[PDB]
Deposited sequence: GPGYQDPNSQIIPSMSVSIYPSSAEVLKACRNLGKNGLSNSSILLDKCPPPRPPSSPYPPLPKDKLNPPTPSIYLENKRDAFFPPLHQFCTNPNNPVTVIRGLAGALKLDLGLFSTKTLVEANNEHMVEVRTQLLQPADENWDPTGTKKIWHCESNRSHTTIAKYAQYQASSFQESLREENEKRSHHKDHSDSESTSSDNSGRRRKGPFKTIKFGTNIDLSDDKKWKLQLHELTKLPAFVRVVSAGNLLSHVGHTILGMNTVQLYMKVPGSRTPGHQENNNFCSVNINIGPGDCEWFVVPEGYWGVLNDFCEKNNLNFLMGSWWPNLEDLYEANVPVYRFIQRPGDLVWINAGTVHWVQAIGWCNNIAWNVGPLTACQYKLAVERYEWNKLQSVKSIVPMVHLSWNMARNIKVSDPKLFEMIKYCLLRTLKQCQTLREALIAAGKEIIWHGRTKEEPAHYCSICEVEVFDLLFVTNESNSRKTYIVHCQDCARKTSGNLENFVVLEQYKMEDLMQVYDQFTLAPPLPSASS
């Protein structure tokens, strides 16, 4: 069994000043060019990878997991999932949810009701990518009245309202709802030992906790990749259907270029692709209808957008398979986010160290990726720590509390791991604002009004690093 990484002791002695231990300079993340080989027109409308469940045993069939995570399958629709497991979708009906927590916060998007799969400017003159979607907030009781009365009224654009990213995170408030979801097979569960997001150690709302959507026809979630390219799981509660549009991860660079060309931000913007543009650019689009009880698995980095066709609720969360592919794509997006000044809500450094504490990794490729991250960050931490002491800057032991969240720079929003540069919040001597090293130094060249907090004992990190070794299969 061959080790390709230096020991923690060797890393530390390297930082204390001769030869280098690693390059440290790295090709900058960038958006991929159009995939090669190009697809001909007859391959731009592929069928959606599908699983047809009938019995409870079908859902727990092991190859199902591998089918969904297969990188060649950008999305998988699992038909008849609720019925196979005898899930009580009624626990997520609008009626049941309102009775449970009448006053619950619901974030809203107000949108124009667009025809079919198209998106037109407000005057209905031309198709555009910009998707008008304005934010407000209401209660579940009030959105429920709107949805229910809508479903009655039905039976140059109209405005509609969409209850979105409703947080079902509180186990006290949603006990029965959340218990029902423990009936799911491990690979799609909100919490499981094999889900990287269960190793974060703290809540990331909507990723490792459940989010609810309450929809009327036309309610759209515009184009995106998931946060840090994590897989997504979505179950349609019904009674109506949702329509999904999916583009493989490998085309995200092409979509990025479309956004830019239409003066829109790929990562943060609100955009609804013009399918005719995609077709001309030879981008394949998977398109399908999700019925009530059907589960949609969005694979890692898959680009997608969604609209309600009927009146329905959906529930959804992220999961992170323990695979080289998932870890690679999450790290890539983390690095690209840094370059774009976009916050990664999955703190990939914090997470990687927890993975190293908790998980015995037997796949060599995945093992090497994780340990490489540990090496780079351990070196960065020891190097910074040595610089600070060389400057006589004091390092105050701060430690961590159980379940404490990862901290981020209040200025650039980068994750700040281990060594926190903190200065008082304005008009406060109590509350401190976390900064990364660079941002702290641009406010104060010599860190005058800053304190440096240390969250982990270096001896601890060194031990985790050395104890992280390739597991036998």
Which ranges of the deposited chain go unmodelled, in order along the sequence?
-> 1-15, 33-39, 178-207, 526-531
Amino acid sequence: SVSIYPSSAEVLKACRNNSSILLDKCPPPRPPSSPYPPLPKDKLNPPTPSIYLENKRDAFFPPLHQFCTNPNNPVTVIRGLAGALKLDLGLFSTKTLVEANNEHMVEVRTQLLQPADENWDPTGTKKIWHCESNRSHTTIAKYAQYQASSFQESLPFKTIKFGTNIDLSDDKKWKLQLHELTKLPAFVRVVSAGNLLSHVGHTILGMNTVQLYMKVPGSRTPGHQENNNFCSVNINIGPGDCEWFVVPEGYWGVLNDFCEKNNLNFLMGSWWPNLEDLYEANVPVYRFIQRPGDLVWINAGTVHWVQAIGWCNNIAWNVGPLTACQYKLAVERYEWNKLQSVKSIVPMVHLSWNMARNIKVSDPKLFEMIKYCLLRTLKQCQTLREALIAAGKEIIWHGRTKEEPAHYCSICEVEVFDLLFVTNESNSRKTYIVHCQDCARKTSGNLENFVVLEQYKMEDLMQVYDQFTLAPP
From here on, numbers count along this sequence of modelled residues.
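In this text, the rigid core denotes the largest set of C-alpha atoms whose superposition between the two forms falls within 1.5 Å.
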Of the stretches 313-321 and 395-403, which sits farther from where it is here in 4 other deposited structures of this protein, on average over its Cα atoms, after fitting the core?
-> 395-403
Taking the root mean square of C-alpha distances over all structures and residues in 4 other deposited structures of this protein, with a rigid core superposition, name the larger of 66-74 and 417-425.
-> 417-425
Comparing 220-228 with 394-402, the one whose average Cα B-factor in the PDB entry is higher = 394-402
Residue stretch of maximal mean CA temperature factor, 414-422 vs 22-30 | 22-30
Selection by C-alpha B-factor (highest) of 352, 314, 102, 147 = 102
Entry record, C-alpha B-factors for 388, 197, 233, 342; the maximum is at 388
Looking at the C-alpha B-factor of residue 291, is it in the lowest, middle or highest third of its chain?
-> lowest
Can you tell me which third, lowest, middle or highest, the CA B-factor of residue 115 falls into for its chain?
-> highest
Ordered by C-alpha B-factor within the chain, which third holds residue 188? Give me lowest, middle or highest, please.
-> lowest
Among all modelled residues of this chain, ranked by Cα B factor, put residue 171 in the bottom, middle or top third, i.e. lowest, middle or highest.
-> highest
Comparing residue 357 with the other modelled residues of its chain, is its CA B-factor in the lowest, middle or highest third?
-> middle
